[PDB]
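Colleague: Sharing work03.pdb, PDB, C-alpha atoms and all ligand atoms:
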ATOM      1  CA  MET E   1      18.612 163.296 177.897
ATOM      2  CA  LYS E   2      15.610 165.261 176.596
ATOM      3  CA  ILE E   3      14.484 166.345 173.152
ATOM      4  CA  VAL E   4      11.973 169.210 172.923
ATOM      5  CA  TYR E   5      10.380 170.022 169.556
ATOM      6  CA  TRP E   6       7.546 171.699 167.684
ATOM      7  CA  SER E   7       6.121 170.033 164.552
ATOM      8  CA  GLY E   8       3.172 171.186 162.417
ATOM      9  CA  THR E   9       2.739 168.153 160.153
ATOM     10  CA  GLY E  10       4.983 165.578 161.826
ATOM     11  CA  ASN E  11       8.271 166.070 159.958
ATOM     12  CA  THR E  12      10.261 167.525 162.852
ATOM     13  CA  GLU E  13       8.458 165.060 165.172
ATOM     14  CA  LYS E  14       9.795 162.183 163.017
ATOM     15  CA  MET E  15      13.297 163.713 163.192
ATOM     16  CA  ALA E  16      12.996 163.869 167.000
ATOM     17  CA  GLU E  17      12.009 160.191 167.160
ATOM     18  CA  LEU E  18      14.975 159.210 165.014
ATOM     19  CA  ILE E  19      17.389 161.370 166.998
ATOM     20  CA  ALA E  20      16.089 159.636 170.151
ATOM     21  CA  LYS E  21      16.565 156.246 168.477
ATOM     22  CA  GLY E  22      20.242 157.136 167.858
ATOM     23  CA  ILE E  23      20.818 158.159 171.484
ATOM     24  CA  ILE E  24      19.110 154.983 172.702
ATOM     25  CA  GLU E  25      21.098 152.779 170.290
ATOM     26  CA  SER E  26      24.216 154.316 171.811
ATOM     27  CA  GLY E  27      23.046 152.886 175.139
ATOM     28  CA  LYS E  28      21.488 155.926 176.794
ATOM     29  CA  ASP E  29      17.898 156.947 177.579
ATOM     30  CA  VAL E  30      16.147 160.053 176.330
ATOM     31  CA  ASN E  31      12.636 161.445 176.491
ATOM     32  CA  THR E  32      11.048 163.203 173.533
ATOM     33  CA  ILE E  33       8.800 166.087 174.562
ATOM     34  CA  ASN E  34       6.489 168.203 172.444
ATOM     35  CA  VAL E  35       7.100 171.886 173.251
ATOM     36  CA  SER E  36       3.523 172.331 174.468
ATOM     37  CA  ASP E  37       4.142 169.730 177.226
ATOM     38  CA  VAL E  38       7.625 170.903 178.291
ATOM     39  CA  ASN E  39       8.540 171.548 181.922
ATOM     40  CA  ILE E  40      11.167 174.305 181.855
ATOM     41  CA  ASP E  41      12.676 173.522 185.277
ATOM     42  CA  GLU E  42      13.283 169.893 184.418
ATOM     43  CA  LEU E  43      14.630 170.851 181.009
ATOM     44  CA  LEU E  44      17.211 173.310 182.383
ATOM     45  CA  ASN E  45      18.665 170.540 184.524
ATOM     46  CA  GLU E  46      19.814 168.714 181.387
ATOM     47  CA  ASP E  47      23.416 168.268 180.336
ATOM     48  CA  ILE E  48      22.429 168.992 176.718
ATOM     49  CA  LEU E  49      19.306 170.708 175.377
ATOM     50  CA  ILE E  50      18.230 169.087 172.080
ATOM     51  CA  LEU E  51      15.799 171.518 170.450
ATOM     52  CA  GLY E  52      13.893 171.218 167.217
ATOM     53  CA  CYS E  53      11.467 173.288 165.170
ATOM     54  CA  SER E  54      10.585 173.452 161.492
ATOM     55  CA  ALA E  55      10.952 176.577 159.333
ATOM     56  CA  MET E  56       7.870 178.782 159.784
ATOM     57  CA  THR E  57       6.261 181.863 158.220
ATOM     58  CA  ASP E  58       9.236 183.423 156.424
ATOM     59  CA  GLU E  59      12.289 181.581 157.732
ATOM     60  CA  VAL E  60      11.559 181.990 161.457
ATOM     61  CA  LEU E  61      10.923 179.728 164.446
ATOM     62  CA  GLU E  62       7.269 178.780 164.968
ATOM     63  CA  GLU E  63       5.641 181.817 166.585
ATOM     64  CA  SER E  64       2.805 180.678 168.867
ATOM     65  CA  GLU E  65       4.651 178.033 170.907
ATOM     66  CA  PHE E  66       8.301 177.434 170.097
ATOM     67  CA  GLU E  67       9.346 181.084 169.916
ATOM     68  CA  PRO E  68       7.876 181.931 173.367
ATOM     69  CA  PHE E  69       9.545 178.801 174.771
ATOM     70  CA  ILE E  70      12.970 179.929 173.483
ATOM     71  CA  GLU E  71      12.356 183.435 174.824
ATOM     72  CA  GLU E  72      11.473 181.967 178.247
ATOM     73  CA  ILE E  73      14.662 179.861 178.631
ATOM     74  CA  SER E  74      16.882 182.446 176.938
ATOM     75  CA  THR E  75      18.250 184.040 180.124
ATOM     76  CA  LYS E  76      18.926 180.797 181.976
ATOM     77  CA  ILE E  77      21.048 178.846 179.507
ATOM     78  CA  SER E  78      24.374 180.635 179.326
ATOM     79  CA  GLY E  79      27.106 177.995 179.206
ATOM     80  CA  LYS E  80      24.579 175.240 178.447
ATOM     81  CA  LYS E  81      25.278 172.749 175.679
ATOM     82  CA  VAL E  82      22.597 172.680 172.995
ATOM     83  CA  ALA E  83      21.995 170.763 169.762
ATOM     84  CA  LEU E  84      19.570 172.133 167.169
ATOM     85  CA  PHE E  85      17.459 170.523 164.428
ATOM     86  CA  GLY E  86      14.362 170.927 162.285
ATOM     87  CA  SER E  87      12.669 170.151 158.992
ATOM     88  CA  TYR E  88      12.203 172.730 156.211
ATOM     89  CA  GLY E  89      10.719 173.013 152.740
ATOM     90  CA  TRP E  90      11.695 175.430 149.991
ATOM     91  CA  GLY E  91      14.482 177.372 151.719
ATOM     92  CA  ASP E  92      18.076 176.413 152.419
ATOM     93  CA  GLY E  93      18.288 176.750 156.181
ATOM     94  CA  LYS E  94      18.088 180.491 156.928
ATOM     95  CA  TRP E  95      15.813 179.930 159.924
ATOM     96  CA  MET E  96      18.347 177.474 161.378
ATOM     97  CA  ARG E  97      21.335 179.753 160.722
ATOM     98  CA  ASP E  98      19.409 182.372 162.726
ATOM     99  CA  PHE E  99      18.413 179.866 165.457
ATOM    100  CA  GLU E 100      22.099 178.929 165.896
ATOM    101  CA  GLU E 101      23.243 182.571 166.020
ATOM    102  CA  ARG E 102      20.478 183.249 168.570
ATOM    103  CA  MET E 103      21.473 180.417 170.907
ATOM    104  CA  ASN E 104      25.135 181.424 170.654
ATOM    105  CA  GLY E 105      24.044 184.956 171.572
ATOM    106  CA  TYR E 106      22.402 183.616 174.737
ATOM    107  CA  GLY E 107      25.741 182.124 175.774
ATOM    108  CA  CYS E 108      25.015 178.539 174.719
ATOM    109  CA  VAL E 109      27.581 176.167 173.345
ATOM    110  CA  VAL E 110      26.205 174.717 170.105
ATOM    111  CA  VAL E 111      27.741 171.230 170.212
ATOM    112  CA  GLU E 112      27.141 169.929 166.683
ATOM    113  CA  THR E 113      26.307 171.379 163.275
ATOM    114  CA  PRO E 114      22.523 171.917 163.330
ATOM    115  CA  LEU E 115      20.663 169.112 161.567
ATOM    116  CA  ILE E 116      18.212 170.275 158.914
ATOM    117  CA  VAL E 117      16.212 167.858 156.734
ATOM    118  CA  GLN E 118      13.917 168.694 153.819
ATOM    119  CA  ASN E 119      10.294 167.606 154.373
ATOM    120  CA  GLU E 120       9.803 164.141 155.882
ATOM    121  CA  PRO E 121      13.181 162.513 156.637
ATOM    122  CA  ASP E 122      12.736 159.497 154.292
ATOM    123  CA  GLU E 123      16.218 159.037 152.737
ATOM    124  CA  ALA E 124      17.609 161.146 155.573
ATOM    125  CA  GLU E 125      16.367 158.840 158.321
ATOM    126  CA  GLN E 126      19.874 157.536 159.041
ATOM    127  CA  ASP E 127      21.226 161.109 159.159
ATOM    128  CA  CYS E 128      18.754 161.793 161.985
ATOM    129  CA  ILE E 129      19.849 158.655 163.852
ATOM    130  CA  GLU E 130      23.537 159.594 163.402
ATOM    131  CA  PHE E 131      22.925 163.098 164.782
ATOM    132  CA  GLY E 132      21.504 161.459 167.907
ATOM    133  CA  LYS E 133      24.581 159.247 168.115
ATOM    134  CA  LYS E 134      26.928 162.265 167.964
ATOM    135  CA  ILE E 135      25.032 163.978 170.786
ATOM    136  CA  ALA E 136      25.169 160.768 172.847
ATOM    137  CA  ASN E 137      28.974 160.800 172.406
ATOM    138  CA  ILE E 138      29.462 164.202 173.994
TER     139      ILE E 138
HETATM  140  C1  LIG T   1       3.145 178.576 157.289
HETATM  141  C2  LIG T   1       4.400 177.904 156.825
HETATM  142  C3  LIG T   1       5.541 178.623 156.537
HETATM  143  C4  LIG T   1       6.744 177.968 156.151
HETATM  144  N1  LIG T   1       7.917 178.697 155.960
HETATM  145  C5  LIG T   1       8.996 178.068 155.508
HETATM  146  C6  LIG T   1      10.224 178.816 155.197
HETATM  147  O1  LIG T   1      10.313 180.027 155.352
HETATM  148  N2  LIG T   1      11.278 178.064 154.719
HETATM  149  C7  LIG T   1      11.232 176.703 154.449
HETATM  150  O2  LIG T   1      12.182 176.163 153.924
HETATM  151  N3  LIG T   1      10.109 176.009 154.775
HETATM  152  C8  LIG T   1       9.050 176.630 155.256
HETATM  153  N4  LIG T   1       7.884 175.935 155.499
HETATM  154  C9  LIG T   1       7.868 174.500 155.197
HETATM  155  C10 LIG T   1       8.083 173.639 156.446
HETATM  156  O3  LIG T   1       9.245 174.053 157.172
HETATM  157  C11 LIG T   1       8.241 172.171 156.021
HETATM  158  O4  LIG T   1       7.029 171.718 155.403
HETATM  159  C12 LIG T   1       8.628 171.213 157.157
HETATM  160  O5  LIG T   1       8.835 169.905 156.614
HETATM  161  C13 LIG T   1       7.512 171.154 158.208
HETATM  162  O6  LIG T   1       7.942 170.386 159.327
HETATM  163  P1  LIG T   1       6.914 170.059 160.467
HETATM  164  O7  LIG T   1       5.899 169.001 160.066
HETATM  165  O8  LIG T   1       7.756 169.469 161.513
HETATM  166  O9  LIG T   1       6.265 171.336 160.817
HETATM  167  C14 LIG T   1       6.720 176.543 155.985
HETATM  168  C15 LIG T   1       5.541 175.830 156.227
HETATM  169  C16 LIG T   1       4.402 176.467 156.689
HETATM  170  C17 LIG T   1       3.192 175.622 157.065
END
As a first step, turn the structure in this file into structure tokens.
Ligand SMILES: Cc1cc2nc3c(=O)[nH]c(=O)nc-3n(C[C@H](O)[C@H](O)[C@H](O)COP(=O)(O)O)c2cc1C
Modeller:
Amino acid sequence: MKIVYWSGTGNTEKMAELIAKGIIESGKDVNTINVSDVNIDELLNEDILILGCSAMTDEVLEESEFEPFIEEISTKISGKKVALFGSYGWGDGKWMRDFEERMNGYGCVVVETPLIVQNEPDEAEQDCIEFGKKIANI
């Protein structure tokens, strides 16, 4: 499996690492890839796209890297299974509600409830691991 994410301070990166840990604990392998290093062709071959990005600007996906990435894969993911996650601060998940609607609009099948964690995981570390385990069970 593959996890692709964007993180500005490391919070979403930490989530990605924990999600990977859950998948691995379930007995499977998974590679964690920063969005700037992603290879689209290899990504689109995946059974499940695990995508993460923190809340940016005013409740939107990060604009310089993650957003263009989503726009690029948008027309070649209809029917693809996807799982979404990200860290946020002061809001209550609007950016993620929009991210989910967006992916559904591209024809994707959102396999689990998107995982959103406030700031660094900390107490929510296990929640991140469990999300990975659910994805590994699909
Ligand atoms: C420029 C900027 C804008 C942000 N906009 C939002 C927002 O609209 N809603 C929210 O809840 N958090 C917002 N945040 C807070 C981040 O989502 C939060 O700090 C998160 O933990 C960062 O994760 P990261 O290290 O993976 O980037 C913003 C942070 C920055 C730097």
Colleague: Range 115-129 of chain E: which residues within 12 Å, counting only C-alpha atoms, same-chain residues fewer than 4 positions away excluded, as an mmCIF file with C-alpha atoms, in the frame of the given file?
Modeller:
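Final file, around_23.cif:
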data_model
loop_
_atom_site.group_PDB
_atom_site.id
_atom_site.type_symbol
_atom_site.label_atom_id
_atom_site.label_comp_id
_atom_site.auth_asym_id
_atom_site.auth_seq_id
_atom_site.Cartn_x
_atom_site.Cartn_y
_atom_site.Cartn_z
ATOM 1 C CA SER E 7 6.121 170.033 164.552
ATOM 2 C CA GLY E 8 3.172 171.186 162.417
ATOM 3 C CA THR E 9 2.739 168.153 160.153
ATOM 4 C CA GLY E 10 4.983 165.578 161.826
ATOM 5 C CA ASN E 11 8.271 166.070 159.958
ATOM 6 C CA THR E 12 10.261 167.525 162.852
ATOM 7 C CA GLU E 13 8.458 165.060 165.172
ATOM 8 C CA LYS E 14 9.795 162.183 163.017
ATOM 9 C CA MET E 15 13.297 163.713 163.192
ATOM 10 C CA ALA E 16 12.996 163.869 167.000
ATOM 11 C CA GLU E 17 12.009 160.191 167.160
ATOM 12 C CA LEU E 18 14.975 159.210 165.014
ATOM 13 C CA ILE E 19 17.389 161.370 166.998
ATOM 14 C CA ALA E 20 16.089 159.636 170.151
ATOM 15 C CA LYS E 21 16.565 156.246 168.477
ATOM 16 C CA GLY E 22 20.242 157.136 167.858
ATOM 17 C CA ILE E 23 20.818 158.159 171.484
ATOM 18 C CA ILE E 24 19.110 154.983 172.702
ATOM 19 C CA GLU E 25 21.098 152.779 170.290
ATOM 20 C CA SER E 26 24.216 154.316 171.811
ATOM 21 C CA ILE E 50 18.230 169.087 172.080
ATOM 22 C CA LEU E 51 15.799 171.518 170.450
ATOM 23 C CA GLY E 52 13.893 171.218 167.217
ATOM 24 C CA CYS E 53 11.467 173.288 165.170
ATOM 25 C CA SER E 54 10.585 173.452 161.492
ATOM 26 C CA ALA E 55 10.952 176.577 159.333
ATOM 27 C CA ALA E 83 21.995 170.763 169.762
ATOM 28 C CA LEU E 84 19.570 172.133 167.169
ATOM 29 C CA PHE E 85 17.459 170.523 164.428
ATOM 30 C CA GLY E 86 14.362 170.927 162.285
ATOM 31 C CA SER E 87 12.669 170.151 158.992
ATOM 32 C CA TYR E 88 12.203 172.730 156.211
ATOM 33 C CA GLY E 89 10.719 173.013 152.740
ATOM 34 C CA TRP E 90 11.695 175.430 149.991
ATOM 35 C CA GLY E 91 14.482 177.372 151.719
ATOM 36 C CA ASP E 92 18.076 176.413 152.419
ATOM 37 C CA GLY E 93 18.288 176.750 156.181
ATOM 38 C CA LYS E 94 18.088 180.491 156.928
ATOM 39 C CA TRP E 95 15.813 179.930 159.924
ATOM 40 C CA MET E 96 18.347 177.474 161.378
ATOM 41 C CA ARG E 97 21.335 179.753 160.722
ATOM 42 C CA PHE E 99 18.413 179.866 165.457
ATOM 43 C CA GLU E 100 22.099 178.929 165.896
ATOM 44 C CA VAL E 110 26.205 174.717 170.105
ATOM 45 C CA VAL E 111 27.741 171.230 170.212
ATOM 46 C CA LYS E 133 24.581 159.247 168.115
ATOM 47 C CA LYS E 134 26.928 162.265 167.964
ATOM 48 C CA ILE E 135 25.032 163.978 170.786
ATOM 49 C CA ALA E 136 25.169 160.768 172.847
#
Colleague: Mind giving me the straight-line distance from atom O7 of ligand LIG 1 (chain T) to CA of residue 57 in chain E in Å, one decimal?
Modeller: 13.0 Å
Colleague: Can you list, as a list in words, the residues that the PyMOL selection byres (((chain E and resi 64-78) around 6) and not hetatm) selects here?
Modeller: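 For this structure, the PyMOL selection byres (((chain E and resi 64-78) around 6) and not hetatm) resolves to residues 61, 62, 63, 79, 80, 106, 107 and 108 of chain E.
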Colleague: Could you write out as lines of an AutoDock Vina configuration file the box around range 74-79 of chain E (axis-aligned, all atoms listed in the file, 3 Å on each side), with centre and edge lengths in Å to one decimal?
Modeller:
center_x = 22.0
center_y = 181.0
center_z = 179.5
size_x = 16.2
size_y = 12.0
size_z = 11.0
Colleague: Can you work out the spacing between CA of residue 42 in chain E and atom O8 of ligand LIG 1 (chain T) in Å, to one decimal?
Modeller: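 Result for CA of residue 42 in chain E versus atom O8 of ligand LIG 1 (chain T): 23.6 Å, one decimal.
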Colleague: Under the rule that all atoms listed in the file are counted, which of E:82, E:34, E:137, E:39 is the nearest residue to ligand LIG 1 (chain T)?
Modeller: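 Closest to ligand LIG 1 (chain T) of all the choices is E:34.
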Colleague: So how far away is CA of residue 81 in chain E from CA of residue 47 in chain E, in Å?
Modeller: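 For CA of residue 47 in chain E relative to CA of residue 81 in chain E, the distance reads 6.7 Å.
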